[PDB]
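Participant: Right, I'll just put the structure down here and ask away after.
What follows is calculated from the coordinates using simple rules that are stated; it is not laboratory data. FYI the Cβ positions are ideal-geometry reconstructions off the backbone, even for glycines, and counts take in every protein chain you see.
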Amino acid sequence: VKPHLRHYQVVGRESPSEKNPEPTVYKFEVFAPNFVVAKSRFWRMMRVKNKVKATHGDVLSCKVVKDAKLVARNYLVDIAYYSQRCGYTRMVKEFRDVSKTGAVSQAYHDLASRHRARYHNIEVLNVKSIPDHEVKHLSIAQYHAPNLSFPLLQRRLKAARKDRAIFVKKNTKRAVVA
Amino acid sequence: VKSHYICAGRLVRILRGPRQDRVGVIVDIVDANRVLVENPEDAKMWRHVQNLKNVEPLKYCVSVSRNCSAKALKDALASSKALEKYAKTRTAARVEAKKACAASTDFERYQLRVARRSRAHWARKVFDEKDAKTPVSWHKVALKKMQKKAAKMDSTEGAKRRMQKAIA
Amino acid sequence: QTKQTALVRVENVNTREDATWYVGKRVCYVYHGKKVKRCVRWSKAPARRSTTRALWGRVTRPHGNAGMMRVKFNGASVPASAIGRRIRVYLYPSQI
Amino acid sequence: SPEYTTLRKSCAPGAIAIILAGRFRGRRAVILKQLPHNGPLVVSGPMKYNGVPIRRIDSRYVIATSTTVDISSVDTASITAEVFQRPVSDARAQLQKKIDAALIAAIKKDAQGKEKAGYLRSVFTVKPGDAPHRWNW
Amino acid sequence: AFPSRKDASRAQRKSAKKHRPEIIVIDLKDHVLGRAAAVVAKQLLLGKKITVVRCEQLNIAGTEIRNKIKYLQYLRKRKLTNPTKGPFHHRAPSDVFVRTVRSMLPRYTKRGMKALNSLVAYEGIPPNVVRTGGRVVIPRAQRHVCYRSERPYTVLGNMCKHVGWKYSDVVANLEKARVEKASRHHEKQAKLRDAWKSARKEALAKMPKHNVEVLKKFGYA
RNA sequence: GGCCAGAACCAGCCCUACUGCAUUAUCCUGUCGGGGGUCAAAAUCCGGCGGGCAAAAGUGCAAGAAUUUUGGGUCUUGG
RNA sequence: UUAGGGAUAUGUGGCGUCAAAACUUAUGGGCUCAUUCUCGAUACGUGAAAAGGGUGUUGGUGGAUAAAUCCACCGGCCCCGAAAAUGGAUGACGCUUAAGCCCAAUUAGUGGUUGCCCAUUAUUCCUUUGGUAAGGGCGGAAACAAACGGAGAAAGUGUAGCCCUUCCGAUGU
RNA sequence: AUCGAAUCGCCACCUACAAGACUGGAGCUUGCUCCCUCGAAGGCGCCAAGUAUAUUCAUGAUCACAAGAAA
């Protein structure tokens, strides 16, 4: 349905002190289902990159950033992830999708499917919608061909939940057991 | 069964979700499974991502480029008259007529019940009005019992029937 | 199994929303005995005198997620000899 | 405390009803009054159509359909709680003839379905594959 | 006769009329084996009388040499000390199905054998059931739904041919035999069916005209 | 009648329906430069300059008296 | 974490049948075909597998030549490596548009906000019993025959408990 | 003949077949257009043998296995 990851902007700093008054107020983008998961992955990069810790820090605001109107776009998502086999591989991939979240949350599902990495080992380096001529991969390069058309073959048509009808009389729609 | 296609604009009806029987116009294509669809003539069928599992394409195609401004779509539905074409379609007859079966007040279901006897009572007379051609297992094997008047209309039953009816 | 509450699949009721319409209706189980015992209108309407019997209940709430609705047979439970046999869900008390 | 109704507003006088229990099952009939306390409704059909006499039927044993009639021409006040006290009686016999004959006309004054008469002559069966729980009434 | 002389004598002493219970008859051509058996197994526990029919044409997923081996691994298992008491191995596809059902039923309780005893399978479509009503189908057990057409599958009757089910030819000759007898009779009726199908549109004309507007509303016109 | 049934009302309890305050900008919508493609355009995309409310968002909080003439259940309580 | 019962709700674990729950949920994304110990599918449970391999398939990183192609390396699932003595075990059947693996959701870009099933658990109601138990009444208020509103009321550890209201606990070698 | 029974949809239009990368018919441009019966319906049954002017029903006394049994 809608993506499972909200897109947060988290802004925070170290609490001011006589050693460091006016800290430097870092900004950060996360894709996380909650704002506590966004607020947690913020203080992860703060102690990992900046040495500041959550008990010594302040959070200035956690608000989400809303997504642009829906159009088909080509997003460029560059992701890393941790394995212990390979020790931090880094990836850049494209995704057809209508929103940043809808692309990034789709990238978590592919890393989890193809590479079996689960959201905590993953960190998204960047995401942007890119113009059309920069799509390298012939698999996503095919969807912006104009006059693109395909039929729907090998479908599975589930009737309305009210109509399920376990035993349906043959070559007719009449339901003998519903 | 006709396959049709998924192109920039098929008209298409939704199969299942909260917008169920409502028609919409395909506009853009998002990867394989996802498609955007708008029908300007029906508000609440605005620009939204739909998923092709839920979407059954029908035979009418409006001509628009991908990602139309929706004023180009509104006029293109008008010029094409697709929605008025599909209005007299025999299925869209039922789909509009199905919505009216759920809303029946039981007096209405009496009114239908009445009709479907009339349509049935006259079709029982109209059909039975063919005696000049007889094909039902009661009327046809009677026709097979005919011509057996030989062994009947001969001297045997000639007296026998004049004995029988007299007793009646 | 906790034998207080039965489970009833009522025909042509396939979803949960369809079960909450039946909360409160009075179910019946129409088995028969061998010898003819006393009966509700006995001797008022002696033509009901017969071997058949019934156990009554009410529909307490939807069980499951599709058309499945629990039952309380009042003051007792149904026999386990009733499993897989015909239960009767009437249309009363009407909430309409 | 003297006369009031907790009866559901969707069951009025004049609403056509479907009797769900009793000697008359599925015969449709006309809801006529509610007795002074929270009472059993007094339904009436011009016995001529259905065969349903004037009887007491409480709210929960009957469905109130959406189709009403104009009963304002029929005098309800001549039905009290007393007429049912003892347990073909002339006192009851010709209390039909002053209602049925009074109600039949009130049917014939309709429009748009001027004849409910046919509709009142019928039975409500649940036939296989109905699901009455999805229906409007 | 199969009925005792008394329940023929009783039925004749009480007269009334011949009786048949309400029975379901499921065709089974190209129904997935293990999905169709589950659905059937749960309808047997609900008190339904089910006649399975055309078991030969049930399907299984995967290559035929593979599902042969699965059944041959099932022959390998017998009671070593006295096989006449060892697990039995049924060949005929109608028997393969009543087992796939049975092992999904509580067959060791009197309601597990009461459910199973209400199922009847067959090869082909036997005259006992050819004409009674219309055959039913299990749309969540169907092959054109359940299997990607790209995957290879098996036909239960062809697998069971190369184990000890030798009746395969006898059945194929009885299916070729009926499907003619039915389609000869079917096209014979095309004279009648078109009469009725004409008499509905011809009745809609002289039928009272306020009703036909209802049929046009609620849609049967 | 200390038995069996229904139906009304009362207290309590449980359940369900009914919604407001903030928030949006990495956004909205013009337009002009690119840029891109096509038979030709538009779009996806970057920048400038105007204007702004996507009027709704799967944003954060929610207190909205269910006989205050009408929501259900209590054979899970007692009258 | 267990006094005897009812309701609602849940935990761990689950919703193809066995077997209660998706009558096989979605209007969710990928990946996987496995021929005789029969691909895989409950942590603890080596209660089974390694080194090494694979132009099976699906991803990624680096470099290179220009209608697209080629070289090196690194993953995912699957396959080979993989041989035991009674017939036999994802628990059985079976599953392949999974009823398998990774990830994710709750009737689905349509409005946010609790899908469903099952505990001697939690919440609450009734009944019991024991307290480091808490509190109240106990100077008979007055009136009052049958015939044609009744009956108790004990200064008390323990009883058929003096009566009542309340609160917590209750398993055990 | 015990026997009083639980069951509650009938059919000589379903009760033939097949396909699902496809099944109304067709044209090149091969995904679009055009034609037809418009591609989402077994029939019937649900209280006047038929949709209209009718006609016994009670007292079986508000629920009770439907007190009913050849559609």
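Participant: Rounded to the nearest 0.05, what FRET efficiency do D:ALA91 and D:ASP130 have when you use their Cβ-Cβ distance and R0 = 41 Å? Could you put the intermediate results ahead of the total?
Facilitator: On the way: r = 41 Å, r/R0 = 1.01.
Once rounded, the FRET efficiency stands at 0.50.
Participant: In whole percent, what relative contact order does the range E:93-221 give with Cα contacts below 8 Å and a gap of six or more residues? Show your work: numbers first, answer last.
Facilitator: On the way: 35 pairs, mean separation 25.1, N = 129.
The normalised contact order for the range E:93-221 reaches 19 percent.
Participant: Oh, and also: In the range B:3-60, with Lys and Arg counted as +1 and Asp and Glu as -1 at Cβ, which of these residues, B:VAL55, B:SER3, B:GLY17, has the Cα nearest the positive end of the dipole, that is, farthest along it?
Facilitator: Among B:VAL55, B:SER3, B:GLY17, the one farthest towards the positive end of the dipole of the range B:3-60 is B:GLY17.
Participant: Arranged by the count of other C-beta atoms within 10 angstrom, fewest first, what order do B:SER118, B:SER69 take? Mind showing how you got there, number by number?
Facilitator: Numbers: B:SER118 18, B:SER69 9.
Neighbour counts put them in this order, fewest first: B:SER69, B:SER118.
Participant: Related question: Once amide H atoms are built 1.01 Å from N in the peptide plane, which residues 5 or more positions from A:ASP58, or in another chain, come under 5 Å H to H?
Facilitator: Those lying under 5 Å, H to H, from A:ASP58 are A:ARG13, A:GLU14, A:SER15.
Participant: Here is a further query. Report, in debye and to the nearest 20, how large the dipole of chain B comes out about its Cα centre when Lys and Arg carry +1 and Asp and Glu carry -1 on their Cβ.
Facilitator: Dipole magnitude for chain B comes out near 1300 debye.
Participant: Give the range of the longest stretch in chain A that excludes all chymotrypsin sites (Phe, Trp or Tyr not before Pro) found in loop regions by DSSP and having at most 15 other beta-carbon atoms within 10 Å.
Facilitator: A:89-178
Participant: Kindly provide the Kirkwood hydrodynamic radius of the range B:62-122 in Å, to one decimal, from all pairs of distinct alpha carbon atoms. Show your work: numbers first, answer last.
Facilitator: Values: mean 1/r = 0.0676 Å⁻¹.
Answer for the range B:62-122: a Kirkwood hydrodynamic radius of 14.8 Å.
Participant: Around A:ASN74, which amide H atoms from residues at least 5 apart in sequence, or from another chain, sit under 5 Å from its own amide H, with H modelled in the peptide plane?
Facilitator: Excluding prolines and chain starts, which carry no amide H, the hits are A:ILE130.
Participant: Additional query: Kindly flag which residue pairs out of A:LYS2/A:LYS66; A:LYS158/B:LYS53; A:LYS162/B:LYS88; A:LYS2/A:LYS100 have an alpha-carbon separation exceeding 18 Å in this structure.
Facilitator: A:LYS162/B:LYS88
Participant: Quick one: putting +1 on the C-beta of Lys and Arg, -1 on the C-beta of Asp and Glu, what dipole do you get for chain C around its Cα centre, in Debye to the nearest 20?
Facilitator: With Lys and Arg at +1 and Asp and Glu at -1, about 740 debye.
Participant: Now for a separate question. From largest to smallest, what semi-axes in whole angstrom does the range A:6-78 give when each is the square root of 5 times an eigenvalue of its alpha carbon gyration tensor?
Facilitator: Equivalent ellipsoid semi-axes, largest first: 28, 12, 11 Å.
Participant: Please list, or write none, the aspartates and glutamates whose alpha carbon is within less than 20 Å of the alpha carbon of B:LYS59, excluding same-chain residues fewer than 8 places away.
Facilitator: B:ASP21, B:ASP28, B:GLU38, B:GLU41, B:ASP42, B:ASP75, B:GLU84, B:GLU96
Participant: Okay, moving on. What value does the range A:23-178 have for Rg/Rh, both radii from Cα atoms and Rh as Kirkwood defines it? Intermediate results must be reported in sequence, preceding the final value.
Facilitator: Numbers: Rg = 22.3 Å, Rh = 19.6 Å.
We get a ratio of 1.14 for the range A:23-178.
Participant: Specify which residue in the list A:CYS62, A:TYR26, A:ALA38 is farthest towards the positive end of the charge dipole of the range A:1-68, using unit charges on the beta carbon of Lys, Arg (+1) and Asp, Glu (-1), about the Cα centre.
Facilitator: The residue sitting farthest along the positive end of the dipole is A:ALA38.
Participant: Continuing with the same structure: Determine ³J(HN,Hα), in whole Hz, for all residues of the range D:96-101 in sequence, where each value follows from phi through the Karplus function 6.51 cos²θ - 1.76 cosθ + 1.60 and θ = phi - 60°; x replaces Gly and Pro.
Facilitator: Per-residue couplings from phi come out as 4, 4, 8, 10, 3, 4 Hz.
Participant: May I ask you to list the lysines whose Cα is less than 17 Å away from that of E:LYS70, ignoring any residue fewer than eight positions away on the same chain?
Facilitator: Cross-link targets: E:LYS161.
Participant: Charges at C-beta only: +1 for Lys and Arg, -1 for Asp and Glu. How large is the resulting dipole of the protein assembly as shown about its Cα centre, in Debye rounded to 20?
Facilitator: Working: 170 positive and 60 negative charges, 949 e Å.
Roughly 4560 debye for the protein assembly as shown.
Participant: Loop-only trypsin sites (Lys or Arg not before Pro) in the range A:19-122, please: DSSP not H, G, I, E or B, and at most 15 other Cβ atoms within 10 Å.
Facilitator: Here the sparse-neighbourhood loop sites are A:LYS19, A:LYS51, A:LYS53, A:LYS63, A:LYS66, A:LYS69, A:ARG85, A:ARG114, A:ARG116, A:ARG118.
Participant: Name the long-range amide H neighbours of B:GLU56: under 5 Å, sequence gap of 5 or more, or other chain; modelled H, no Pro or chain starts.
Facilitator: Close amide H contacts, sequence-distant or interchain: B:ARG13, B:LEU15.
Participant: Restricting to DSSP loop positions (anything but H, G, I, E, B) with no more than 12 other Cβ atoms inside 10 Å of their own Cβ, which trypsin sites (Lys or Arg not before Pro) remain in the range E:119-206?
Facilitator: Working: sites: E:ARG131, E:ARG135, E:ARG140, E:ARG143, E:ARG148, E:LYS161, E:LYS166, E:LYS176, E:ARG178, E:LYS181, E:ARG184, E:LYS188, E:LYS191, E:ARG193, E:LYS197, E:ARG200, E:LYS201, E:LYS206; in loops: E:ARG131, E:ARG135, E:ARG140, E:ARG148, E:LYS161, E:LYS166.
In loop regions of the range E:119-206 (DSSP not H, G, I, E or B), the sparsely surrounded trypsin sites (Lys or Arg not before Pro) are E:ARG131, E:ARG148, E:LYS166.
Participant: Continuing with this model, one more query. Give a residue-ordered list of calculated ³J(HN,Hα) values for the range A:160-176 (Karplus: 6.51 cos²θ - 1.76 cosθ + 1.60, θ = phi - 60°; whole Hz; x for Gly, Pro).
Facilitator: 4, 3, 6, 9, 3, 6, 3, 10, 10, 4, 6, 6, 9, 9, 6, 9, 7
Participant: Just tell me which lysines come within less than 28 Å, Cα to Cα, of C:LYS35; anything on the same chain fewer than 8 places away is out.
Facilitator: The reachable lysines, counting only those whose Cα sits under 28 Å from C:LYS35, are C:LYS3, C:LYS44, C:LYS72, E:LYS6, E:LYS14, E:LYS17, E:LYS18, E:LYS110, E:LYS114.
Participant: Within the range E:57-107, report the chymotrypsin sites (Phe, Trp or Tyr not before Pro) that DSSP leaves as loop and that have at most 14 other Cβ atoms within 10 Å.
Facilitator: On the way: sites: E:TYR71, E:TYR74, E:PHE88, E:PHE97; in loops: E:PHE88.
Those satisfying the criteria are E:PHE88.
Participant: I've got another one for you. Compare the Cα positions of A:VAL48, A:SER83, A:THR101 along the charge dipole of the range A:38-152 (+1 at Cβ of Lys, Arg; -1 at Cβ of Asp, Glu; about the Cα centre) and return the one farthest towards the positive end.
Facilitator: In the range A:38-152, that residue is A:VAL48.
Participant: Moving to a separate point now. Over the Cα atoms of the protein assembly as shown, Rg to Rh with Kirkwood Rh, two decimal places?
Facilitator: The Rg/Rh ratio comes out at 1.04.
Participant: Same structure again: List the pairs from B:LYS44/E:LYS217; A:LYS93/A:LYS128; D:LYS9/D:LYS98; B:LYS85/E:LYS197; A:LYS169/E:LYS48; B:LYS99/E:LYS206 whose alpha-carbon separation is above 18 Å, in the order I gave them.
Facilitator: Working: B:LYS44/E:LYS217 26 Å; A:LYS93/A:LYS128 11 Å; D:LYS9/D:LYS98 27 Å; B:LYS85/E:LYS197 27 Å; A:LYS169/E:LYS48 16 Å; B:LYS99/E:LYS206 28 Å.
The pairs that break the limit, which is 18 Å between Cα atoms, are B:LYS44/E:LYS217; D:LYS9/D:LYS98; B:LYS85/E:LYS197; B:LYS99/E:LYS206.
Participant: Could you give the distance between the Cα centres of the range E:126-151 and the range A:130-174, to the whole Å?
Facilitator: Each part's Cα centre sits 25 Å from the other's.
Participant: Please state the relative contact order of the range A:54-178 as a whole percent: Cα pairs under 8 Å, 6+ residues apart? Walk me through the numbers before you get to the answer.
Facilitator: Numbers: 141 pairs, mean separation 26.6, N = 125.
Rounded, it is 21 percent for the range A:54-178.
Participant: Output the relative contact order of the range B:16-168, whole-number percent, from Cα pairs under 8 angstrom with separation of 6+ residues.
Facilitator: The value is 11 percent.
Participant: Given the C-alpha centroids of the range D:33-95 and the range D:120-137, what is the distance between them in whole angstrom?
Facilitator: If we compute the Cα centre of each part, the gap is 24 Å.
Participant: Please turn the phi angles of the range A:8-22 into ³J(HN,Hα) values with the Karplus equation 6.51 cos²θ - 1.76 cosθ + 1.60 (θ = phi - 60°), one per residue in order, whole Hz, x for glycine and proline.
Facilitator: 9, 10, 10, 10, x, 8, 6, 5, x, 7, 4, 7, 9, x, 6
Participant: Here is a follow-up. Quick one: give the max-minus-min coordinate of the C-alpha atoms of chain D along each principal axis, largest first, in Å.
Facilitator: 44, 34, 27
Participant: If you project the alpha carbons of chain E onto their three principal axes, what span does each projection cover, largest first, in Å?
Facilitator: Extents along the principal axes: 81, 59, 34 Å.
Participant: To the nearest Å, what is the center-to-center distance of the range B:130-168 and the range E:164-183, using C-alpha atoms only?
Facilitator: So the separation of the two Cα centres works out to 42 Å.
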